[PDB]
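Here's the structure, in structure tokens; my notes come after.
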Amino acid sequence: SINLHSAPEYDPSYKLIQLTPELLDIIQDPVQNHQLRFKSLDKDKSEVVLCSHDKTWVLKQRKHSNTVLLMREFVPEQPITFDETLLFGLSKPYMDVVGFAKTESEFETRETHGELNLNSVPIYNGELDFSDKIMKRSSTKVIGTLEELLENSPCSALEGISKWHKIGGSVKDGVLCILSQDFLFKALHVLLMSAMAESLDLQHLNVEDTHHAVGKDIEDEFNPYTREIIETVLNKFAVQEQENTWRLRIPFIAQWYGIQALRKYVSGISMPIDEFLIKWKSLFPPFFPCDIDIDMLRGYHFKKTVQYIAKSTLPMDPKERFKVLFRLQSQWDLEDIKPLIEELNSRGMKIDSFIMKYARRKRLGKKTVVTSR
Amino acid sequence: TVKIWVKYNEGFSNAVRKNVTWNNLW
Amino acid sequence: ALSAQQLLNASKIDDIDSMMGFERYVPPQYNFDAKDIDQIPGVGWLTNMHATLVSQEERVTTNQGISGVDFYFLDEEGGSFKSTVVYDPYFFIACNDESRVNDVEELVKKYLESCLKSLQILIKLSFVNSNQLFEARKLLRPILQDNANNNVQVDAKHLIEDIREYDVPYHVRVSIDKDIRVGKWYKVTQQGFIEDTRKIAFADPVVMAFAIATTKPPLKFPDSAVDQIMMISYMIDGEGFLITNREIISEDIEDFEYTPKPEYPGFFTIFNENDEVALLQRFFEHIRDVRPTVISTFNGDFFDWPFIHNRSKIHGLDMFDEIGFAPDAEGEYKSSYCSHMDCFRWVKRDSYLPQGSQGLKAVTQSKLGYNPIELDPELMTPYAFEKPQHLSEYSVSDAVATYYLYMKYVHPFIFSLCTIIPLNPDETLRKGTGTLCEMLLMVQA
Amino acid sequence: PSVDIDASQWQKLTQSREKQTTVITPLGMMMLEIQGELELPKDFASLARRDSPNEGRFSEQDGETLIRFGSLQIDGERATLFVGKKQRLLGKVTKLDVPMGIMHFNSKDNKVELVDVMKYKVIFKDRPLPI
């Protein structure tokens with residue numbers, strides 16, 4: 001049997017954490033960067049997440065009505081003397097353990113999407129003398145490094161870097177920043193034209209040759225395109241193979257161009273779709289002859305008429321978002337609305353259920369579209 | 001009298017998951 | 001007179017059908033071999049059929065109806081349509097003395113002028129419509145009586161001994177003569193419907209199964225004159241919905257999962273409505289929205305449907321106008337475009353279960369191999385007020401059971417049986433096994 | 001703020017030992033669960049002095065007075081818990097569906113260290129019985 005001992009006061013510093021097989025594998029890895037790390041945005045408001053090197057989990061506490069005692073083996077300083085009163089259902093004791101902790105809850109971990117902390121990130125418009133716009137801000141604490149950014153962000157390292165490259169995040173004069181849409185894509189176009197002007201291998205582009213090919217003509221005083229900017233553009237519109245060279249993608253850039261067209265032409269006034277397809281169609285900046293598809297014209301506009309819409313300007317609360325959405329367009333296409341609500345599910349489960357719960361599903365023969373009340 | 005005993009609970013209630021604040025930990 | 005009213009009903013049914021995505025499709029003018037198919041303009045999976053009356057659409061011969069059959073198809077592109085076949089209805093006269101059939105012909109030539117469309121050598125008699133056929137039968141029946149009475153072994157009337165192939169349902173007569181079967185694939189052409197022997201795998205209908213929960217008095221049966229519907233649960237293609245009447249259910253129910261086996265996922269979305277009429281309107285609107293071509297129940301013919309109909313009537317709604325369902329001559333609830341599959345009927349006819357096993361529960365245990373949620377009916381009303389979550393778990397459990405009972409056992413069986421028997425799903429479900437047999441033998445002959 | 005979990009000691013000890021076989025972790029730690037509240041005396045010091053040598057109910061370890069309140073008996077899946085001289089609870093040794101990690105949170109330096117991994121527990125879901 002086992003002798004059970006108890007301390008007069010338990011230490012509440014000890015806590016129980018649920019360990020998934022994946023989390024166990026992660027725990028049992030000698031070199032997983034910083035192994036496992038507890039991360040949080042603030043001290044008194046924001047939630048707390050547990051991050052590995054490539055994944056992010058949300059913590060959930062769950063209390064129970066039972067008594068759970070965490071006990072450990074110890075070698076008793078004094079020989080335990082006791083008269084044996086009952087032998088039934090009992091073997092002779094051979095060890096002594098003592099309860100050092102009493103837990104009343106468990107910590108469940110759920111797989112979740114990592115997000116970036118864009119609290120102290122400025123906007124770059126290509127403006128000269130940016131340092132003054134940096135130092136004269138409310139937060140005297142300036143985001144110096146990317147490590148500092150990751151440390152104060154609810155995400156894993158790889159997710160954080162991937163999203164940082166996905167949003168076209170960059171750094172000027174040692175300060176992290178976000179490029180405006182116009183400047184970012186203009187930079188893209190200039191990069192493309194310059195790369196084709198020097199007959200650069202688009203499948204294997206590097207930083208040095210591209211940088212030299214871009215700012216060779218324009219004077220340095222009006223040349224903001226440094227190697228870091230180039231690296232940002234490449235990390236946004238291309239994929240590296242050996243990780244060291246870059247290879248450009250194609251559908252993402254053309255669709256993004258359709259978005260640029262959108263911010264320019266259908267922000268002020270709307271116009272019937274067949275007409276808009278014609279005018280949109282007359283726009284061909286890229287040398288490469290782009291193809292149209294109905295899937296490409298989805299998620300950046302709303303309706304026999306079409307109008308530009310920015311996702312950032314919509315309310316963040318689901319019910320209100322759907323309310324204003326029902327105010328904006330009486331009849332919706334399925335594929336038009338899927339990308340517009342995918343990112344903001346408060347339930348976080350499934351896609352269709354969210355749509356039917358918050359709207360009126362009214363399919364049709366061509367496609368299973370959506371309707372308003 | 002005065003022997004150590006265990007107050008038995010009639011049922012077992014299980015709470016719903018909750019968000020964790022930094023203050024809840026420390 | 002009654003013609004034009006049947007034409008009105010026909011036109012209303014046409015409107016219902018078109019509202020639900022079944023517009024009449026008419027194929028291109030003709031012009032080779034059925035073997036080199038696809039060279040003909042048009043393809044659809046046949047899911048239903050009904051008798052109907054159709055307009056013409058030098059002499060127009062004034063206004064008169066055309067007998068025909070509506071066939072309902074699902075296309076290869078996720079869409080649907082309906083198409084119509086016309087055919088002269090017919091029946092036969094037999095004579096006991098062949099040599100003077102011609103005199104009989106002349107007699108009847110004269111005698112049946114007011115109803116008859118044509119005749120041809122048995123004597124085959126064809127007609128413009130079912131009503132005229134029925135008038136002919138009414139004219140001929142007394143003769144046949146006297147005739148059947150007569151012991152015989154010289155006048156013309158007395159030479160008609162009997163009629164043959166006389167009680168064949170018109171839709172059946174057409175399904176047989178044209179060799180068309182539900183569950184099979186056809187290309188619709190001006191030459192007619194062409195079976196695609198290359199396609200055997202079924203298409204995927206939209207399937208809805210539903211169960212309602214209502215109040216009732218203690219120790220008595222539900223009465224639709226005074227009791228109200230408190231919830232309706234249903235499933236559509238594996239996705240659950242539950243609608244609530246908050247005049248009775250004392251709180252809003254939230255979304256939840258009930259999945260008793262991995263085979264049976266049940267994610268339910270909730271619609272908390274303020275009162276009975278709102279619940280009904282949400283129900284009807286959802287039905288119009290999703291367009292089921294099967295609706296399944298358990299004892300819906302005796303409970304669910306008449307209750308829904310009666311509450312519908314009470315709130316000044318016209319259910320026929322709303323979703324195209326109405327009671328037939330047997331008191332059962334039917335539509336044109338959507339089959340009503342009451343699983344209890346299949347249970348009673350084909351399941352091999354004991355009266356002790358005719359409950360939803362025992363069928364669930366027997367056929368799906370698990371133990372569903374159980375609740376004393378007397379407790380259902382008080383808990384509506386007192387424990388609404390448990391009631392709603394029961395309701396959706398009901399809908400899951402009903403859905404997978406239909407999908408795993410009933411659907412393949414009934415539809416495959418339909419692939420050889422010249423009937424729509426409803427009738428093949430409901431006819432006696434003996435009548436089914438009759439139909440099989442008629443096919444074989 | 002943020003801080004890493006130190007699992008080096010746990011890893012060295014884990015690699016040099018088995019995956020858990022019985023209820024004892026390779027590190028000499030276990031998890032006890034009781035459906036109820038553990039009722040203990042209000043004055044530990046007093047009973048530690050009135051405690052007689054025959055009873056041996058109290059002892060001193062590193063300046064702390066520990067009480068020996070019971071015995072645990074494993075005969076397989078079946079388990080029996082003796083409390084005091086007069087109480088018996090019936091329970092089971094169960095394998096955790098989800099293994100629980102025991103971690104020590106050092107508030108002083110805001111550092112977290114992995115203590116051990118529980119794969120089993122001794123649980124008692126039944127009403128305490130007579131001796």
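Just so we're on the same page: first chain in the structure tokens is A, next is B, and so on; residues restart at 1 for each chain, and ligands are numbered from 1 in the order they show up.
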How close does chain C get to chain A? List, as JSON lines, each residue of chain C within 9 Å, its nearest atom pair and the distance in Å to one decimal, counting only C-alpha atoms.
```
{"residue": "C:21", "atom": "CA", "partner": "A:365", "partner_atom": "CA", "distance": 7.6}
{"residue": "C:77", "atom": "CA", "partner": "A:366", "partner_atom": "CA", "distance": 7.9}
{"residue": "C:78", "atom": "CA", "partner": "A:365", "partner_atom": "CA", "distance": 6.4}
{"residue": "C:79", "atom": "CA", "partner": "A:365", "partner_atom": "CA", "distance": 4.7}
{"residue": "C:80", "atom": "CA", "partner": "A:365", "partner_atom": "CA", "distance": 7.3}
{"residue": "C:239", "atom": "CA", "partner": "A:353", "partner_atom": "CA", "distance": 8.6}
{"residue": "C:267", "atom": "CA", "partner": "A:353", "partner_atom": "CA", "distance": 8.5}
{"residue": "C:268", "atom": "CA", "partner": "A:353", "partner_atom": "CA", "distance": 8.5}
{"residue": "C:269", "atom": "CA", "partner": "A:357", "partner_atom": "CA", "distance": 6.4}
{"residue": "C:270", "atom": "CA", "partner": "A:357", "partner_atom": "CA", "distance": 7.3}
{"residue": "C:271", "atom": "CA", "partner": "A:357", "partner_atom": "CA", "distance": 7.9}
{"residue": "C:286", "atom": "CA", "partner": "A:361", "partner_atom": "CA", "distance": 8.1}
{"residue": "C:288", "atom": "CA", "partner": "A:362", "partner_atom": "CA", "distance": 8.3}
{"residue": "C:289", "atom": "CA", "partner": "A:362", "partner_atom": "CA", "distance": 4.7}
{"residue": "C:290", "atom": "CA", "partner": "A:363", "partner_atom": "CA", "distance": 6.6}
{"residue": "C:291", "atom": "CA", "partner": "A:363", "partner_atom": "CA", "distance": 8.7}
```
Counting only C-alpha atoms, which residues of chain D sit at most 6 Å from some atom of chain A, and what is each one's closest atom pair with its distance in Å to one decimal, listed by chain and rising residue number, as CSV?
```
residue,atom,partner,partner_atom,distance
D:1,CA,A:40,CA,5.9
D:2,CA,A:39,CA,4.8
D:3,CA,A:37,CA,5.7
D:4,CA,A:37,CA,4.5
D:5,CA,A:36,CA,5.6
D:28,CA,A:73,CA,5.2
D:29,CA,A:72,CA,4.3
D:30,CA,A:71,CA,5.4
D:31,CA,A:70,CA,5.0
D:32,CA,A:69,CA,5.0
D:33,CA,A:68,CA,4.4
D:34,CA,A:67,CA,4.8
D:35,CA,A:66,CA,4.4
D:36,CA,A:66,CA,5.4
D:55,CA,A:82,CA,5.9
D:56,CA,A:81,CA,5.7
D:66,CA,A:7,CA,5.3
D:67,CA,A:5,CA,5.4
D:68,CA,A:5,CA,4.5
D:70,CA,A:4,CA,5.2
D:71,CA,A:3,CA,4.9
D:72,CA,A:2,CA,5.0
D:73,CA,A:1,CA,4.8
D:99,CA,A:19,CA,5.5
D:100,CA,A:18,CA,4.6
D:101,CA,A:17,CA,4.7
D:102,CA,A:16,CA,5.0
D:103,CA,A:15,CA,5.7
D:104,CA,A:14,CA,4.8
D:105,CA,A:13,CA,5.3
```
Residues of chain D that have any atom at most 7 Å from an atom of chain B: could you tabulate them with the shortest-distance atom pair and the distance in Å to one decimal, using only C-alpha atoms, ordered by chain and increasing number, as a tab-separated table?
```
residue	atom	partner	partner_atom	distance
D:35	CA	B:9	CA	5.9
D:36	CA	B:8	CA	4.3
D:37	CA	B:7	CA	4.6
D:38	CA	B:6	CA	4.6
D:39	CA	B:6	CA	5.5
D:40	CA	B:4	CA	6.1
D:69	CA	B:4	CA	7.0
D:83	CA	B:5	CA	6.5
D:84	CA	B:4	CA	5.3
D:107	CA	B:26	CA	6.4
D:127	CA	B:8	CA	6.7
```
Writing out the chosen residues with N, CA and C atoms as a tab-separated table (two decimals), in the first residue's frame:
```tsv
chain	number	residue	atom	x	y	z
D	35	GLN	N	-14.10	12.73	-5.07
D	35	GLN	CA	-15.35	13.45	-5.24
D	35	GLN	C	-15.87	13.96	-3.90
D	36	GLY	N	-15.28	15.06	-3.43
D	36	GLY	CA	-15.66	15.61	-2.14
D	36	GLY	C	-14.66	16.58	-1.53
D	37	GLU	N	-14.92	16.98	-0.29
D	37	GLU	CA	-14.07	17.91	0.45
D	37	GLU	C	-13.33	17.22	1.60
D	38	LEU	N	-12.01	17.35	1.62
D	38	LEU	CA	-11.19	16.77	2.68
D	38	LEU	C	-11.15	17.57	3.99
D	39	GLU	N	-11.85	17.05	4.99
D	39	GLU	CA	-12.02	17.69	6.30
D	39	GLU	C	-10.84	17.41	7.25
D	40	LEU	N	-10.01	18.42	7.47
D	40	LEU	CA	-8.88	18.33	8.39
D	40	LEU	C	-9.01	19.24	9.63
D	69	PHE	N	-2.79	10.73	7.13
D	69	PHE	CA	-4.25	10.69	7.22
D	69	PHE	C	-4.88	9.45	6.61
D	83	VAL	N	-9.26	6.03	5.12
D	83	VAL	CA	-9.09	7.33	5.74
D	83	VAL	C	-9.41	7.20	7.23
D	84	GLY	N	-8.50	7.73	8.05
D	84	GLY	CA	-8.61	7.62	9.49
D	84	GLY	C	-8.49	6.15	9.84
D	107	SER	N	6.54	32.85	-9.56
D	107	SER	CA	6.05	34.23	-9.63
D	107	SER	C	7.16	35.27	-9.50
D	127	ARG	N	-19.62	6.73	-2.91
D	127	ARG	CA	-19.85	7.21	-1.55
D	127	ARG	C	-18.94	6.50	-0.56
```
Next item on the list: Fewer than 6 positions away in the same chain doesn't count, so skip those; otherwise give me all residues within 8 Å of residue 6 (chain D), counting only C-alpha atoms, as number ranges by chain.
Entry: D: 112-114
Dump of N, CA and C atoms for the selected residues, as a PDB file, in the first residue's frame:
```
ATOM      1  N   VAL D 112       8.362  29.768 -15.787  1.00  0.00           N
ATOM      2  CA  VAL D 112       7.580  28.541 -15.691  1.00  0.00           C
ATOM      3  C   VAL D 112       8.424  27.301 -15.992  1.00  0.00           C
ATOM      4  N   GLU D 113       8.320  26.292 -15.131  1.00  0.00           N
ATOM      5  CA  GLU D 113       9.081  25.058 -15.299  1.00  0.00           C
ATOM      6  C   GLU D 113       8.167  23.834 -15.297  1.00  0.00           C
ATOM      7  N   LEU D 114       8.360  22.946 -16.267  1.00  0.00           N
ATOM      8  CA  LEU D 114       7.613  21.691 -16.318  1.00  0.00           C
ATOM      9  C   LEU D 114       8.056  20.745 -15.207  1.00  0.00           C
TER      10      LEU D 114
END
```
Next item on the list: For residue 13 (chain D), please output as number ranges by chain all residues within 12 Å (counting only C-alpha atoms; exclusion window: fewer than 6 positions along the same chain).
Entry: A: 28; D: 7, 19, 25-28, 114-117
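As for CA of residue 115 (chain C) and CA of residue 145 (chain C), they are spaced 20.6 Å apart.
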Check: Excluding same-chain residues fewer than 5 positions from region 315-323 of chain C, what lies within 9 Å of it counting only C-alpha atoms, as a ChimeraX atom specification?
Finding: /C:12,16,20,276-277,284-285,287-288,308-310,335
Please, could you write that set of residues out with C-alpha atoms as a short mmCIF file (atom, residue, chain, number, x, y, z; two decimals), in the first residue's frame?
```
data_model
loop_
_atom_site.label_atom_id
_atom_site.label_comp_id
_atom_site.auth_asym_id
_atom_site.auth_seq_id
_atom_site.Cartn_x
_atom_site.Cartn_y
_atom_site.Cartn_z
CA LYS C 12 -51.96 26.53 -60.16
CA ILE C 16 -46.20 25.99 -57.80
CA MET C 20 -39.87 25.85 -56.99
CA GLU C 276 -46.71 30.53 -33.56
CA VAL C 277 -47.34 32.42 -36.78
CA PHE C 284 -42.57 27.95 -44.95
CA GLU C 285 -40.01 30.50 -46.07
CA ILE C 287 -38.96 25.42 -47.25
CA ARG C 288 -39.34 27.68 -50.29
CA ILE C 308 -49.52 21.99 -39.30
CA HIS C 309 -52.38 22.45 -41.77
CA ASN C 310 -54.86 23.30 -39.02
CA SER C 335 -47.61 17.60 -53.29
#
```
Next item on the list: Excluding residue 231 (chain A) and any residue of its chain fewer than 5 positions from it, enumerate the residues within 9 Å of it, using only C-alpha atoms, and give them as a list in words.
Entry: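 Within the cut-off, the hits are residues 170, 206, 207, 226 and 236 of chain A.
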Notebook entry, point to check: What gap, in Å, lies between CA of residue 51 (chain C) and CA of residue 170 (chain C)?
Noted result: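 Those two atoms sit 6.9 Å apart.
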Next item on the list: Check chain B with DSSP on the backbone and list each residue it calls helix (DSSP H, G or I), as a PyMOL selection string.
Entry: chain B and resi 22-25
